[PDB]
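Reproduced below: start.pdb, with PDB, N, CA and C atoms.
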ATOM      1  N   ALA A   1       9.671  19.056  11.532  1.00  0.00           N
ATOM      2  CA  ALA A   1       8.768  18.515  10.464  1.00  0.00           C
ATOM      3  C   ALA A   1       8.278  17.102  10.844  1.00  0.00           C
ATOM      4  N   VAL A   2       7.059  16.759  10.461  1.00  0.00           N
ATOM      5  CA  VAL A   2       6.496  15.398  10.782  1.00  0.00           C
ATOM      6  C   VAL A   2       7.101  14.333   9.842  1.00  0.00           C
ATOM      7  N   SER A   3       7.192  13.094  10.300  1.00  0.00           N
ATOM      8  CA  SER A   3       7.743  12.003   9.432  1.00  0.00           C
ATOM      9  C   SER A   3       7.420  10.612  10.027  1.00  0.00           C
ATOM     10  N   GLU A   4       6.146  10.331  10.281  1.00  0.00           N
ATOM     11  CA  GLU A   4       5.763   8.988  10.849  1.00  0.00           C
ATOM     12  C   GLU A   4       4.307   8.626  10.481  1.00  0.00           C
ATOM     13  N   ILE A   5       3.332   9.407  10.920  1.00  0.00           N
ATOM     14  CA  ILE A   5       1.889   9.112  10.589  1.00  0.00           C
ATOM     15  C   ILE A   5       1.371  10.176   9.610  1.00  0.00           C
ATOM     16  N   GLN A   6       1.667  11.460   9.834  1.00  0.00           N
ATOM     17  CA  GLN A   6       1.261  12.519   8.840  1.00  0.00           C
ATOM     18  C   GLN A   6       2.018  12.167   7.550  1.00  0.00           C
ATOM     19  N   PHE A   7       3.306  11.870   7.690  1.00  0.00           N
ATOM     20  CA  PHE A   7       4.130  11.382   6.539  1.00  0.00           C
ATOM     21  C   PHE A   7       3.584  10.009   6.156  1.00  0.00           C
ATOM     22  N   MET A   8       3.684   9.617   4.897  1.00  0.00           N
ATOM     23  CA  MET A   8       3.135   8.285   4.423  1.00  0.00           C
ATOM     24  C   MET A   8       1.610   8.427   4.224  1.00  0.00           C
ATOM     25  N   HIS A   9       0.886   8.911   5.237  1.00  0.00           N
ATOM     26  CA  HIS A   9      -0.599   9.123   5.104  1.00  0.00           C
ATOM     27  C   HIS A   9      -0.843  10.274   4.105  1.00  0.00           C
ATOM     28  N   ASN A  10      -0.116  11.378   4.247  1.00  0.00           N
ATOM     29  CA  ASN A  10      -0.255  12.535   3.293  1.00  0.00           C
ATOM     30  C   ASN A  10       0.741  12.306   2.124  1.00  0.00           C
ATOM     31  N   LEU A  11       0.646  11.150   1.489  1.00  0.00           N
ATOM     32  CA  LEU A  11       1.556  10.781   0.354  1.00  0.00           C
ATOM     33  C   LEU A  11       0.867   9.690  -0.487  1.00  0.00           C
ATOM     34  N   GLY A  12       0.487   8.585   0.142  1.00  0.00           N
ATOM     35  CA  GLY A  12      -0.223   7.481  -0.579  1.00  0.00           C
ATOM     36  C   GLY A  12      -1.710   7.514  -0.204  1.00  0.00           C
ATOM     37  N   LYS A  13      -2.363   8.656  -0.378  1.00  0.00           N
ATOM     38  CA  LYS A  13      -3.822   8.774  -0.035  1.00  0.00           C
ATOM     39  C   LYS A  13      -4.666   8.128  -1.151  1.00  0.00           C
ATOM     40  N   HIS A  14      -4.386   8.450  -2.405  1.00  0.00           N
ATOM     41  CA  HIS A  14      -5.155   7.851  -3.553  1.00  0.00           C
ATOM     42  C   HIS A  14      -4.666   6.414  -3.826  1.00  0.00           C
ATOM     43  N   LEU A  15      -3.369   6.149  -3.647  1.00  0.00           N
ATOM     44  CA  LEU A  15      -2.784   4.778  -3.880  1.00  0.00           C
ATOM     45  C   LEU A  15      -2.993   4.351  -5.349  1.00  0.00           C
ATOM     46  N   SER A  16      -2.365   5.071  -6.259  1.00  0.00           N
ATOM     47  CA  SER A  16      -2.486   4.766  -7.736  1.00  0.00           C
ATOM     48  C   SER A  16      -1.421   5.553  -8.560  1.00  0.00           C
ATOM     49  N   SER A  17      -0.193   5.641  -8.065  1.00  0.00           N
ATOM     50  CA  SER A  17       0.905   6.375  -8.806  1.00  0.00           C
ATOM     51  C   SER A  17       2.263   5.679  -8.548  1.00  0.00           C
ATOM     52  N   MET A  18       3.398   6.269  -8.933  1.00  0.00           N
ATOM     53  CA  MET A  18       4.730   5.599  -8.633  1.00  0.00           C
ATOM     54  C   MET A  18       4.883   5.567  -7.107  1.00  0.00           C
ATOM     55  N   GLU A  19       5.469   4.496  -6.573  1.00  0.00           N
ATOM     56  CA  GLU A  19       5.539   4.262  -5.075  1.00  0.00           C
ATOM     57  C   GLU A  19       4.185   3.599  -4.687  1.00  0.00           C
ATOM     58  N   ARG A  20       3.069   4.154  -5.177  1.00  0.00           N
ATOM     59  CA  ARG A  20       1.689   3.604  -4.933  1.00  0.00           C
ATOM     60  C   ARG A  20       1.258   2.817  -6.172  1.00  0.00           C
ATOM     61  N   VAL A  21       2.128   1.946  -6.542  1.00  0.00           N
ATOM     62  CA  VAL A  21       1.972   1.084  -7.764  1.00  0.00           C
ATOM     63  C   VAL A  21       2.346  -0.357  -7.384  1.00  0.00           C
ATOM     64  N   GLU A  22       3.494  -0.532  -6.771  1.00  0.00           N
ATOM     65  CA  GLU A  22       3.925  -1.872  -6.285  1.00  0.00           C
ATOM     66  C   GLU A  22       2.945  -2.303  -5.161  1.00  0.00           C
ATOM     67  N   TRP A  23       2.484  -1.340  -4.364  1.00  0.00           N
ATOM     68  CA  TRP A  23       1.505  -1.592  -3.251  1.00  0.00           C
ATOM     69  C   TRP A  23       0.334  -2.494  -3.734  1.00  0.00           C
ATOM     70  N   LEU A  24      -0.309  -2.101  -4.825  1.00  0.00           N
ATOM     71  CA  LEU A  24      -1.496  -2.811  -5.363  1.00  0.00           C
ATOM     72  C   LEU A  24      -1.230  -4.310  -5.629  1.00  0.00           C
ATOM     73  N   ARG A  25      -0.008  -4.693  -5.987  1.00  0.00           N
ATOM     74  CA  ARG A  25       0.305  -6.150  -6.228  1.00  0.00           C
ATOM     75  C   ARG A  25       0.000  -6.945  -4.943  1.00  0.00           C
ATOM     76  N   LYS A  26       0.387  -6.412  -3.790  1.00  0.00           N
ATOM     77  CA  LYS A  26       0.099  -7.088  -2.479  1.00  0.00           C
ATOM     78  C   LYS A  26      -1.417  -7.045  -2.181  1.00  0.00           C
ATOM     79  N   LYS A  27      -2.121  -5.988  -2.592  1.00  0.00           N
ATOM     80  CA  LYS A  27      -3.613  -5.879  -2.338  1.00  0.00           C
ATOM     81  C   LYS A  27      -4.378  -7.121  -2.881  1.00  0.00           C
ATOM     82  N   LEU A  28      -3.895  -7.744  -3.950  1.00  0.00           N
ATOM     83  CA  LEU A  28      -4.595  -8.940  -4.537  1.00  0.00           C
ATOM     84  C   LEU A  28      -3.924 -10.254  -4.085  1.00  0.00           C
ATOM     85  N   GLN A  29      -2.598 -10.319  -4.087  1.00  0.00           N
ATOM     86  CA  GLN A  29      -1.882 -11.588  -3.689  1.00  0.00           C
ATOM     87  C   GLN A  29      -1.927 -11.840  -2.161  1.00  0.00           C
ATOM     88  N   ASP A  30      -1.931 -10.790  -1.328  1.00  0.00           N
ATOM     89  CA  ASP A  30      -1.943 -10.946   0.187  1.00  0.00           C
ATOM     90  C   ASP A  30      -2.900 -12.070   0.640  1.00  0.00           C
ATOM     91  N   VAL A  31      -4.157 -12.011   0.244  1.00  0.00           N
ATOM     92  CA  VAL A  31      -5.131 -13.083   0.631  1.00  0.00           C
ATOM     93  C   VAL A  31      -5.489 -13.897  -0.644  1.00  0.00           C
ATOM     94  N   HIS A  32      -4.487 -14.556  -1.182  1.00  0.00           N
ATOM     95  CA  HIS A  32      -4.638 -15.409  -2.415  1.00  0.00           C
ATOM     96  C   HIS A  32      -3.443 -16.386  -2.447  1.00  0.00           C
ATOM     97  N   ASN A  33      -2.239 -15.843  -2.351  1.00  0.00           N
ATOM     98  CA  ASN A  33      -0.973 -16.658  -2.305  1.00  0.00           C
ATOM     99  C   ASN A  33      -0.991 -17.646  -1.097  1.00  0.00           C
ATOM    100  N   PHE A  34      -1.640 -17.267   0.008  1.00  0.00           N
ATOM    101  CA  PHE A  34      -1.668 -18.120   1.230  1.00  0.00           C
ATOM    102  C   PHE A  34      -3.063 -18.702   1.415  1.00  0.00           C
ATOM    103  N   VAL A  35      -3.980 -17.943   2.056  1.00  0.00           N
ATOM    104  CA  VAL A  35      -5.397 -18.374   2.279  1.00  0.00           C
ATOM    105  C   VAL A  35      -5.444 -19.870   2.614  1.00  0.00           C
ATOM    106  N   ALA A  36      -6.275 -20.685   1.952  1.00  0.00           N
ATOM    107  CA  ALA A  36      -6.303 -22.165   2.225  1.00  0.00           C
ATOM    108  C   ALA A  36      -6.983 -22.495   3.579  1.00  0.00           C
ATOM    109  N   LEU A  37      -6.618 -21.812   4.653  1.00  0.00           N
ATOM    110  CA  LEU A  37      -7.236 -22.076   5.998  1.00  0.00           C
ATOM    111  C   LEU A  37      -8.347 -21.044   6.271  1.00  0.00           C
TER     112      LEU A  37
END
Mind turning this structure into structure tokens?
Amino acid sequence: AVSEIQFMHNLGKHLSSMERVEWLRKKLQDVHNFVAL
């Protein structure tokens, strides 16, 4: 069975459910908490 690129990719495709919920917090803070330069 696959468990590296097919896995994870065929799981968080829409990115808007449990597991794909904490992800979105980094989508906005990633280039906001640091930036400056």
- Item | One-decimal distance in Å that lies between atom C of residue 12 of chain A and atom CA of residue 28 of chain A |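 Here the two named atoms are 17.3 Å from each other.
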- Which residues in chain A does DSSP call helix (DSSP H, G or I)? List them as a count of residues only. 12
- Message: Using Å and a single decimal, report how far atom CA of residue 2 of chain A sits from atom C of residue 17 of chain A.
- Response: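 Atom CA of residue 2 of chain A lies at a distance of 22.0 Å from atom C of residue 17 of chain A.
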